[PDB]
Amino acid sequence: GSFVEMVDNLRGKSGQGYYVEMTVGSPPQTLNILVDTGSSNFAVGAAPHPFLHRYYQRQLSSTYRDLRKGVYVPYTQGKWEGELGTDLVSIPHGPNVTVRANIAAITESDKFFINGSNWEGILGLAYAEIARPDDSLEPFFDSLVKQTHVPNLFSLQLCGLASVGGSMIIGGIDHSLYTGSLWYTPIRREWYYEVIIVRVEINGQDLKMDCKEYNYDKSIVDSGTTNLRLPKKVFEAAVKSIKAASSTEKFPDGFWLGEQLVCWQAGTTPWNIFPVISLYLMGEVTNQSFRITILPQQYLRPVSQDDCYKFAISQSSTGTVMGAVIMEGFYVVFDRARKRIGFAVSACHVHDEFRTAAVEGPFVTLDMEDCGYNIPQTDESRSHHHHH
Ligand SMILES: CC(=O)N[C@@H](Cc1cc(F)cc(F)c1)[C@H](O)CNC1(c2cccc(-n3cccn3)c2)CCCCC1
Ligand SMILES: [Zn+2]
Ligand SMILES: [Zn+2]
Ligand SMILES: [Zn+2]
Ligand SMILES: [Zn+2]
C-alpha cells in the first residue's frame, strides 16, 4: 500500500459514479464500491437483485456479527433497506490494513443499483453526523483511522457509455497526481464536506448575487453526485448567462433541463462558444479566496457520425452540490486532520485547445463567513441527545 499501489484504483462508467474494489468478510468477498463523499454509510448488496451477479453473503463469512438493527437510507432518487452488522474490511489496492467496520447488508432497494454500473455497494466517506440511523454508527473512515496508523486524510483524482479511471489515495497526497499549487478551503462544519463559495463568474462576468445565495442552504463536495447542482436562483442566473454566450446555437428547452442531448458532426463541436465557470472558494486566510475554473468539457457530458452532449448542470433545492462534473478537473484533498479541502489541477488534464481547467489565487476582498447560511433548527434535531 505505497501511494503507487493506490494510483488508478478507481473505475466506473460515465455519469454512474466511481468505484473502488473492497473485500468484506472472512474469507474475503471481493466487491466494487461507489466512493461517495456525499453520505456516511457503508452499505453492500446482500441479496439477489436484477442488476447484481455478486453480493455480500453474511452466512459465508466467519468474522461476521449481527447488530440486530435495521436501517433505511434515501438518496436523491434511489433508496435501500439494510440490516446492520460488522465484518473485516480491506481495500486491496489501498493501504495494507484490515479493520472491523459497520456494514449495512442491503436486503431491499428501489432505484439504487444501476444497470451496468459494475458496483455492488456504496462507501459513505463523510462524517458521523449524517450517518443513519444516527451518529453513533461509526462510518468506515472513522474506524479505519481509529483502528490503524493511517493519517486522517484521503485524496480523489477522478478522470475521463464510456469508461472512467482515477485514484483514491488513502492516507496522503500523491504529487504525481497534480500540477501547480494546492489551494485549501476550510471545512465549515464536519457533516457533509461543507465549504463556502464567495463568488461566481461565468466567462469572467460576476453573477452579482448576495454571496449567501451561493451557499443556500449549503455548499458541498459530493463525488456521489454526477452533476454540478446549483440552488434554483443561481441555476437560473447561470443558465441565462450560459445561453447568452452559446446563443449562436438554439437548443430545445429539454437540453437546458439536462433531459436531452445536442450533437455536432464528429470532432467539430464549437467549444469556444461555451463559457468557463469560476467558483471562488473561501481561503484559509480571512478575506482571501481562490477560484477553481471549470471548462465546458467538464459540464457538457459525452453520450451516426455525431458527437453528442448532455448538460450536466442542474437545479437544486438542497444547495450547491459540487459533483463529479466539478471534481474531474481536479486532484481534491479531503484533509480531515486539518478541517480543510484542497484543490489542485489534475495530472489527468481533460483539456481544451485554448483554455484549461485551473486552480488560481489569492483573490482578496471582504466578508466570507457572511456567505454562510444557517439552516433552520428543527425540533426533532434539537431534541436528540448526543452522549458521544
Ligand atoms: C444522486 C445521488 O443520490 N447520489 C448519492 C449517492 C448515490 C449514487 C447512486 F449512483 C445511486 C444512489 F442511490 C445514491 C449521494 O450520496 C447524494 N448526496 C446528497 C444526498 C441527498 C439525499 C440524501 C443523502 N444522504 C443520505 C444519507 C446521508 N445523506 C445525501 C448530499 C446532500 C445534497 C444532495 C445530495
Ligand atoms: Zn484487485
Ligand atoms: Zn422491505
Ligand atoms: Zn440524554
Ligand atoms: Zn449523537
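Parameters at a glance
- Residues numbered from 1 in each chain as written, not as in the entry; some residues may be left out.
- Chains lettered and ligands numbered in written order.
- Heavy atoms only, no water.
- UniProt positions renumbered as here; feature names shortened; annotations may be inferred.
- Helix = DSSP H or I, 4+ residues; strand = E, 2+ residues; numbered from the N terminus.
- Buried < 20%, exposed > 50% of the residue type's maximum accessible area, 1.4 Å probe, protein only.
- Contact = heavy atoms within 4.5 Å.
- Disulfide = S-S within 2.5 Å.

This deposited entry lists X-ray crystallography as its structure determination method and 1.99 Å as its resolution.

Under the PDB entry, the name given to the protein is Beta-secretase 1, and the source organism is Homo sapiens. As recorded in the PDB, this entry has the title "SPR and structural analysis yield insight towards mechanism of inhibition of BACE inhibitors". One UniProt comment on the protein, placed under Sequence similarities, says "Belongs to the peptidase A1 family."

Draft legend 1. Spotlight on the UniProt feature "active site" in the protein. With numbering aligned to this structure, UniProt lists the feature "active site" at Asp 36 and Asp 222. Note on placement: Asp 36 falls in strand β3 (residues 29-36). According to the relative accessible area criterion, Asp 36 is buried, its value standing at 4%. Every residue in contact with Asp 36, bar those within four places of it in the chain, is listed here: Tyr 75, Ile 122, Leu 123, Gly 124, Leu 125, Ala 126, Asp 222, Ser 223 and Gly 224. Structurally, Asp 222 can be placed in the loop between β14 (219-221) and β15 (228-231). Not counting residues within four places of it along the chain, the set of residues in contact with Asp 222 comprises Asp 36, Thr 37, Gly 38, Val 321, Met 322, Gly 323, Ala 324 and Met 327.

Draft legend 2. Representation of the state of the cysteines within the structure. Counted by the stated rule, this structure contains three disulfides. In this model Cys 263 forms its disulfide with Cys 308; the gap between the sulfur atoms is 2.0 Å. Its S-S torsion of approximately 105 degrees makes the covalent link between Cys 263 and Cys 308 right-handed.

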